[PDB]
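Here's the letter readout for the chains.
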Amino acid sequence: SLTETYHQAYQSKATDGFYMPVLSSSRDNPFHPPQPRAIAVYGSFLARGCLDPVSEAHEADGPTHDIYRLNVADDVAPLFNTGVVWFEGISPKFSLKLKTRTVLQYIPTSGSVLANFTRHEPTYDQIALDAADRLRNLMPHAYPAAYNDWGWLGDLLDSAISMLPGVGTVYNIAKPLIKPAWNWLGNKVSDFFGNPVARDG
Amino acid sequence: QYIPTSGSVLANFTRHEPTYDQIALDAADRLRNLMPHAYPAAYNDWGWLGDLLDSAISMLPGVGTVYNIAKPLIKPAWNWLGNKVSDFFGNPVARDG
Amino acid sequence: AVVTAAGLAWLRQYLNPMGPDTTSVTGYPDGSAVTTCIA
Amino acid sequence: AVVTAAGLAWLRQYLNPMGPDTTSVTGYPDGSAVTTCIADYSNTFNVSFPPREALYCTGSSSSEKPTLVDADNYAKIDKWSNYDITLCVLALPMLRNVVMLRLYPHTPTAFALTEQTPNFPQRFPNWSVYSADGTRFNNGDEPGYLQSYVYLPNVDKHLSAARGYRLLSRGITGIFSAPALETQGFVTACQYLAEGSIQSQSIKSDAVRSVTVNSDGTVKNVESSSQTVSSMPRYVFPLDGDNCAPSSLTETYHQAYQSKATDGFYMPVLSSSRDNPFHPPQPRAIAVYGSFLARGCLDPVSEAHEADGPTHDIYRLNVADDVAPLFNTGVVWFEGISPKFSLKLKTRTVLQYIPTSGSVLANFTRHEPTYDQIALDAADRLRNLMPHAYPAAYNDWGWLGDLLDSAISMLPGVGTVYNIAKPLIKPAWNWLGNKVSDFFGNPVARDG
Amino acid sequence: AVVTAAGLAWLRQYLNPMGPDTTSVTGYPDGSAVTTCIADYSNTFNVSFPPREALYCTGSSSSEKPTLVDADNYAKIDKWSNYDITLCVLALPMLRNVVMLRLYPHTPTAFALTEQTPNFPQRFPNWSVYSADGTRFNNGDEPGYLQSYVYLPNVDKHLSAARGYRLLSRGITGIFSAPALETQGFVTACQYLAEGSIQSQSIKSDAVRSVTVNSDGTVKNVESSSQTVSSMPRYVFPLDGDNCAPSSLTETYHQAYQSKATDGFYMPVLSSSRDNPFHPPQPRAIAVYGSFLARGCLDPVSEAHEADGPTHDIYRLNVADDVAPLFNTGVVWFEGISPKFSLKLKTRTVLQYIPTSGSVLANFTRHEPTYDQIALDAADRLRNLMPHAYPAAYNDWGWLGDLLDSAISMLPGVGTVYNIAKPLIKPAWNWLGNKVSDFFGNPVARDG
Amino acid sequence: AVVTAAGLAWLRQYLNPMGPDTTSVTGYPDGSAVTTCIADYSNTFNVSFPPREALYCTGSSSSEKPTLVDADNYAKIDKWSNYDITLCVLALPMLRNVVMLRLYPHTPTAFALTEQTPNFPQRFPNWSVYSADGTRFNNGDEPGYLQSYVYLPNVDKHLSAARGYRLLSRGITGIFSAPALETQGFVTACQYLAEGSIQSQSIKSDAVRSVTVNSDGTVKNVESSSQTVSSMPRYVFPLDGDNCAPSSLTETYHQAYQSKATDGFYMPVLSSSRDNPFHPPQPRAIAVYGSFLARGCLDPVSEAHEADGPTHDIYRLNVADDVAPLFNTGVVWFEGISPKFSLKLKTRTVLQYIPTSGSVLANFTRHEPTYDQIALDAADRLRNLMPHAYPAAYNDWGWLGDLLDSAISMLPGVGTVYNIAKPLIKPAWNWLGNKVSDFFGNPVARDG
């Protein structure tokens with residue numbers, strides 16, 4: 001279902017692993033106070049209830065969606081995507097090395113440990129935020145585990161996407177952007193600028 | 001618009017063409033406060049729409065402009081009761097229905 | 001720097017849903033990159 | 001005098017239904033001037049050797065009882081799995097039940113059917129067993145082969161809510177896979193027109209024979225109602241079951257496709273007619289013509305024996321459907337297949353509906369009745385040149401479109417504008433020997 | 001390379017049968033090289049609300065008795081006359097019985113028929129009543145609608161004395177009239193191909209069940225002759241009765257004609273085929289396809305239940321005739337009609353006969369087998385462009401002939417001599433809004 | 001843009017099957033791309049007045065007994081031989097049984113058939129007698145005419161071993177001879193399309209009527225199984241038997257051939273269609289449509305009487321065969337023939353087979369699927385111009401090929417390269433008056 005639905009979904013052989021950078025879905029990232037709360041997942045409703053003309057008594061058993069409690073409490077990062085990866089038909093003697101990197105900003109409370117590690121340099125950059133918002137819909141959902149340090153990033157993708165926001169442009173043309181083909185399964189992979197990606201890992 | 005679930009009826013009728021247009025969204029946001037709330041039942045196919053209203057509202061968003069001046073925009077008078085109706089550009093609207 | 005045909009079509013169908021000119025339907029111009037069906 | 005873009009797109013989707021570039025569906029270029037919705041059904045199935053729980057008996061065992069599972073006669077089928085097997089897929093022009101799958105212990109001499117109507121034919125995930133002597137299978141008999149129908153339910157749902165339909169294109173891909181050092185086998189595929197029609201077979205009636213011995217009642221109603229009548233009408237396919245063996249198909253049709261099993265197959269089912277009119281949905285019982293035994297009036301006989309003339313056997317499939325007329329019937333055989341195989345069977349069927357008012361289809365209409373006679377003429381011309389099948393991975397043909405459709409579109413009539421597009425030569429589709437050539441002589445290196 | 005005069009005359013009489021200039025009849029331009037006589041039947045009828053003496057019951061009341069008049073249930077029909085009514089005229093391709101008229105108290109949801117064969121269908125001046133619950137009407141029931149057949153007797157007389165026939169053209173004019181300040185109502189008209197064929201429905205036979213208790217006679221002839229057989233063959237029309245409501249017809253077909261009731265209608269019934277071969281006269285019972293109820297073999301069922309598969313209901317009209325094949329079926333609805341209306345129904349039917357030797361037709365022969373492929377190609381091309389109907393007074397179209405036929409005759413093939421006759425644009429037949437435009441943009445001011 | 005050599009050869013063999021230059025057989029130019037073998041059957045028969053030993057009765061005399069010879073009623077047939085006689089040959093499109101011969105004492109008013117199925121129809125050397133009152137003949141009745149079938153056994157043998165067939169061409173030559181000063185008589189010949197189809201006639205069933213008087217058994221199974229059903233399917237030819245008299249044929253068809261008896265005839269049976277597809281061999285009972293007597297539903301009748309509507313009489317020939325579809329049916333009459341005549345009947349039938357694998361035909365294959373649309377278009381164009389027959393010795397027409405085929409091949413479409421080949425004028429085939437003219441005005445002096 002995920003492969004059919006989402007175009008940027010990543011597929012490959014199990015040996016390729018995966019590398020998913022979770023992306024935000026909003027252009028703003030306001031601070032929020034820590035507030036752990038019990039997490040749950042919406043299910044599906046069974047009784048139609050007032051979805052059809054019914055009596056007053058049956059309004060109560062209207063469309064009520066099942067809520068699956070996880071018995072886990074946490075505070076979530078709003079507007080961040082949910083990722084899901086499947087390894088299908090892998091050997092039962094497998095070994096997965098999971099490596100997670102989570103970087104997040106805090107406002108330390110007075111007399112707390114965080115107060116000893118402070119970055120007093122607040123910068124402002126509207127262009128970067130607009131570029132990230134624009135790139136949100138272009139980047140693939142995942143890459144092979146060894147496909148870090150993409151060549152096309154930074155001064156080609158970021159640059160070539162940097163003049164489009166409004167007309168806030170000083171450099172006329174950086175590089176035309178073509179639709180990449182992330183066909184990892186058939187080894188016919190082309191980057192954002194048509195340059196082929198030979199397997200380096 | 002729908003995102004069909006797998007093995008559902010909607011999956012047989014799919015448009016695989018996602019387009020991106022920031023200018024159109026900004027123009028709609030700008031026009032939100034100018035358009036009348038309703039029109040006479042027979043007043044479809046407005047002449048002033050599309051390449052006059054949309055165009056003349058299209059250079060204002062930021063400065064994302066290539067065409068210098070399209071058409072100055074004047075405040076319309078939608079006095080349907082007294083038949084003294086003027087469109088967004090001062091052109092009178094004679095009753096066609 | 002200029003509006004596209006799809007953006008203009010969406011604007012027309014959003015501002016004039018029952019206009020006779022609007023014949024074909026167009027999606028929201030945001031590049032959602034998902035499989036969509038317009039009804 | 002020039003083929004439009006819509007006609008070219010329809011030609012591409014008709015000749016290459018499963019091509020990667022084929023994303024937006026386009027209707028038949030005839031200018032029908034009606035409100036229509038084009039539906040595209042893409043389905044994927046994983047066919048393999050079925051387990052015991054997926055097998056059911058077709059004999060009188062499950063006569064009025066529900067589908068009855070095999071009573072652990074699965075040992076013989078495991079013995080089949082000890083040796084190599086044979087796969088057969090038959091794509092009749094039926095809208096739903098897109099293909100019929102058959103498992104054989106070894107390659108048969110013909111595509112035989114059962115004389116008696118089978119009980120509860122099973123959709124793909126479940127199979128049904130048939131005996132080795134060409135009869136329905138009850139528990140304790142000798143299994144001959146397995147049979148299943150690959151069913152599309154959305155097609156049925158949409159056909160129910162439609163005033164008219166017509167099949168635009170159909171393609172079947174057969175991606176084959178097997179464990180390492182176990183990839184032996186050959187694949188054959190062939191298309192041919194089996195123009196079915198609504199016919200009724202000739203049956204006999206029941207005459208009462210009453211001997212009333214009563215003194216007052218001596219009517220003796222011995223009336224001879226044992227005449228010859230016509231059974232219920234069925235859509236009968238004149239498919240050459242006796243001539244559907246692989247070798248006969250290869251030796252008969254020149255465009256038939258043969259290759260190694262690992263290459264799979266990709267069959268773009270074609271149409272045998274130039275016109276594709278709308279037809280009202282009308283499901284009917286599907287049957288297949290057989291052969292006749294009694295010559296009857298084929299020799300000089302009495303007026304009494306003319307009744308039992310050349311009556312052709314009609315095999316009932318116990319499946320009801322509406323078929324796409326004038327579309328080809330396809331047969332593909334996988335011979336010498338390792339029993340631990342896997343077949344990713346993909347199907348893409350695009351068809352145009354006229355939505356019934358208030359139906360769910362009416363919300364997906366698409367109104368541009370384009371008209372392009374050049375595209376239809378090119379499709380008619382190209383019918384005899386395109387091969388019946390290609391390897392599974394041989395999509396996105398370079399010679400298609402700007403090269404083949406252009407080299408054909410200026411042939412019809414005198415409707416020619418360009419001087420000469422490109423000369424057309426006879427291709428050589430020798431996939432077995434790896435010496436494949438296109439319609440213009442360009443070689444093809446294998447991409448799998 | 002140029003259309004002859006005979007071909008142009010035939011095209012004019014085919015597209016505009018009731019045009020004022022159409023006086024001399026011309027045959028089909030195919031060079032048949034046979035002795036033929038062209039007959040032109042012009043008939044006029046005055047349809048209005050029937051009195052009590054013109055109404056007859058269709059139920060079992062007149063089963064074997066002759067046509068039985070309404071036993072003063074005419075009070076309910078007068079109550080109909082208190083309100084507005086609905087008229088329907090259905091022009092099937094039947095040669096005689098040119099149209100069928102129906103009176104409704106209000107617009108129906110579908111063009112329904114009776115399941116049981118009606119008794120004594122009545123020709124136009126007499127009507128026959130049908131119940132409100134879709135059944136035949138006996139005295140004391142609830143009348144649902146009135147039905148009549150408009151019959152041409154000369155057509156029957158001439159068809160009897162002919163070796164072969166073919167319909168050349170047919171047109172129906174519907175001049176509407178009503179008292180002053182009582183002219184409300186709308187008129188809709190639509191043509192569509194209902195390609196009938198000779199089919200037999202599936203019926204059940206009668207099995208004898210004898211229990212002979214005699215001591216000497218204990219045969220017990222319990223023979224099961226309750227099999228499924230085919231009824232007598234009938235010419236069945238696949239007309240979408242459930243989809244013949246006015247709104248559905250307008251929303252489905254683009255060329256459908258809608259206007260005010262006072263405008264009447266003028267339907268030039270067209271042909272759906274390029275070839276018009278001669279056919280031998282062969283009257284047959286006329287029936288209409290319905291819908292099916294039991295799915296039968298549309299789902300996996302036992303071999304015993306395959307007999308009662310998707311059997312489509314066939315409604316018998318109790319009318320025998322020979323139909324003109326490939327000619328369109330027309331439906332026109334007058335909704336919201338004042339009950340004190342008047343309809344001058346004119347019909348013009350021109351058809352070619354091959355006279356039987358010694359028959360009365362042999363004295364009216366006319367031998368010039370002209371041949372014109374360009375005219376036939378132009379007629380084929382123009383089928384999808386001409387609207388299905390026009391207002392009653394909209395004869396003698398200026399755009400026809402020198403303008404439309406010329407702008408079409410150079411399209412086919414490369415058979416073009418003149419550089420450019422006139423560009424062709426899409427017309428707008430908006431009779432309701434009085435914004436009508438021709439194929440060349442010229443407006444039309446109303447002439448009535 | 002130019003007709004190939006294979007297409008020209010096929011055209012020559014199709015229009016002039018018995019021409020002296022026609023030696024090598026060529027297939028249909030459609031590019032079928034299948035393995036085919038062309039078979040050419042040339043047969044010669046010596047028809048004359050049969051002796052007594054060659055005559056058999058068709059009545060109930062030989063009902064289940066074998067063919068029963070005339071019990072010396074041959075005196076009446078000798079009395080026929082005292083006067084002049086009439087010959088009739090009817091070439092139906094049946095593959096075997098190429099023609100049917102009939103001997104009459106005098107010219108009949110129609111080509112009548114027997115209502116009851118005849119017993120043991122006899123192949124050519126043996127004839128079968130039919131009574132003068134249009135019934136089967138038993139010994140002691142009044143003989144009306146003699147009938148025989150001319151049979152090709154090799155055609156049957158080859159049709160048995162073939163997957164598909166199509167008739168390429170057929171010609172029948174009728175060389176006539178008679179003693180000196182005894183050569184009076186006239187010959188007439190005419191071709192016309194009798195497009196048969198697989199139809200079933202409407203028959204009645206047998207309803208049991210049991211009156212069980214037993215005290216315990218009082219079931220009274222009086223079930224009404226006397227309904228109307230369909231008989232076994234037969235291939236029915238709609239040949240105008242009532243309109244097959246010589247004078248009517250001459251007055252109806254312009255291309256009909258008339259001449260003196262000594263001139264014989266030469267009929268190149270033509271095809272009425274542009275497409276000639278392969279068909280699977282499928283022999284079936286052959287029958288002929290007659291006329292109807294009861295009008296039935298042709299008039300307003302009760303729902304009970306609609307069953308016995310216009311039911312057309314179907315005459316069973318008691319002969320089973322497969323026919324060549326869309327090929328013309330030919331009739332030739334020899335009137336006023338001296339009874340001591342002789343007819344050398346030659347037949348040439350060329351047809352293409354698809355050989356069944358392992359059959360005897362597979363050793364005679366000939367693989368060059370040529371494609372020529374121009375030849376097919378020329379054949380379609382020439383159908384209405386060639387006369388239906390020629391004198392027996394009028395082979396090797398000079399106007400054929402370089403003159404007629406060239407003067408026609410540039411007409412279709414705009415596919416014309418040469419400026420002008422030769423103007424085409426209407427020929428005058430007045431063989432009776434010895435004023436014959438070709439398509440170009442060149443006279444023909446008699447060569448016999």
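- Method of determination for the deposited model, per the PDB record: cryo-EM, at 3.32 Å resolution.

**A closer look at the sheet that holds strand β5 (residues 99–104) of chain D**
Residue and element names in this part refer to chain D.
Then, number 1: A sheet is described by the order of its strands in space; here nine strands give the open sequence β3-β2-β6-β7-β5-β4-β18-β9-β14, paired in mixed fashion. The sheet is open, and its two borders are formed by β3 (68–69) and β14 (257–260), each paired with just one other strand.
Then, number 2: Looking at chain direction, strand β9 (residues 186–192) and β14 are connected through four bridges and run antiparallel. Across the sheet, residue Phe186 finds its bridge partner in β14, namely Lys260.
Then, number 3: Along the sheet face, helix α2 (residues 74–82) touches β2 (55–57), β4 (85–91), β5 and β7 (143–150) and points at about 85° away from the line of β7.

**Side note on the relation of the copies chain E and chain D**
Then, number 1: Overlaying chain E on chain D yields an RMSD of 0.0 Å, the required transformation being a rotation through 120° with an accompanying axial translation of 0.0 Å. Both copies are brought into coincidence by an operation consistent with a three-fold rotation axis.

**Digging into the relation of the copies chain E and chain F**
Then, number 1: When chain E is fitted to chain F, the best match, at an RMSD of 0.0 Å, comes from turning it 120° and sliding it 0.0 Å along the axis.
Then, number 2: Different-surface contact between copies: only 18% of interface residues of chain E are shared with the interface of chain F.

**Concerning the pairing of strand β6 (residues 127–131) of chain D**
Residues and elements named next belong to chain D.
Then, number 1: Burial within β6 is extensive, with five of its five residues counted as buried.
Then, number 2: By the alternation rule, side chains of β6 split into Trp127, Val129 and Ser131 and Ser128 and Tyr130, which are all buried.
Then, number 3: Bridge analysis of β2 against β6 gives three bridges, and the strand direction is parallel. By the bridge assignment for β6, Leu55 is matched with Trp127.

**As for the environment of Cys57 of chain D**
Residues and elements named next belong to chain D.
Then, number 1: Positionally, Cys57 belongs in strand β2.
Then, number 2: Residue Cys57 is classed as buried on the basis of its relative accessible area of 2%.
Then, number 3: Those residues in contact with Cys57 that lie beyond four places of it in its chain are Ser62, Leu68, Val69, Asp70, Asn119, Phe137 and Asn139.

**Some details on the packing of helix α1 (residues 5–15) of chain F against helix α5 (residues 373–382) of chain F**
Residues and elements named next belong to chain F.
Then, number 1: At a minimum axis distance of 9 Å, the contact between α1 and α5 shows a crossing angle of 25°. Classified by the angle between their axes, α1 and α5 sit roughly parallel to one another. Crossing geometry of α1 relative to α5 is assigned as right-handed. The residues of α5 that touch α1, namely those facing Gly7, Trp10, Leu11, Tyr14 and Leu15, are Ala375, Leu376, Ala378, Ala379 and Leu382.
Then, number 2: Grouping the constituent residues of the contact of α1 with α5 by class yields nine nonpolar, one polar and no charged.

**Let's talk about the environment of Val2 of chain E**
Then, number 1: Counting through the fold element by element, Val2 of chain E comes out in the segment before α1 (5–15).
Then, number 2: C-alpha of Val2 of chain E to C-alpha of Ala375 of chain E: the two residues are 373 residues apart in sequence and 9.3 Å apart in space.

**Here's the deal with the interface of chain E and chain D**
Then, number 1: Contacts between the two partners involve 43 residues from chain E, matched on the other side by 49 residues from chain D.
Then, number 2: Overall, the association of chain E and chain D removes approximately 3600 Å² of surface from exposure, summing both partners, and the carbon and sulfur fraction of that is 48%.
Then, number 3: It is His254, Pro300 and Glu303 of chain E that lose the most area in chain E upon contact with chain D, and together they represent 16% of the buried surface on that side.
Then, number 4: Taken together, chain E and chain D are joined by two salt bridges.
Then, number 5: The salt bridge involving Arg163 of chain D is made with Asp240 of chain E; its shortest N-O contact spans 3.2 Å.

What counts and what doesn't
- Residues numbered from 1 in each chain as written, not as in the entry; some residues may be left out.
- Chains lettered and ligands numbered in written order.
- Part of a larger assembly, values for the part shown.
- Heavy atoms only, no water.
- Pairing = 2+ DSSP bridges.
- Helix = DSSP H or I, 4+ residues; strand = E, 2+ residues; numbered from the N terminus.
- Contact = heavy atoms within 4.5 Å.
- Axes fitted to C-alpha atoms, helices over the stretch in contact; angles between N-to-C directions.
- Least-squares fit on C-alpha atoms.
- Buried < 20%, exposed > 50% of the residue type's maximum accessible area, 1.4 Å probe, protein only.
- Parallel < 35°, antiparallel > 145°, perpendicular 65-115°, else oblique.
- Left-handed = near helix turned anticlockwise from the far one by under 90°.
- Nonpolar A, V, L, I, M, F, W, Y, C, P; charged D, E, K, R; others polar.
- Buried area = accessible area lost by both parts, 1.4 Å probe.
- Salt bridge = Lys/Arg side-chain N within 4 Å of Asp/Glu carboxyl O.

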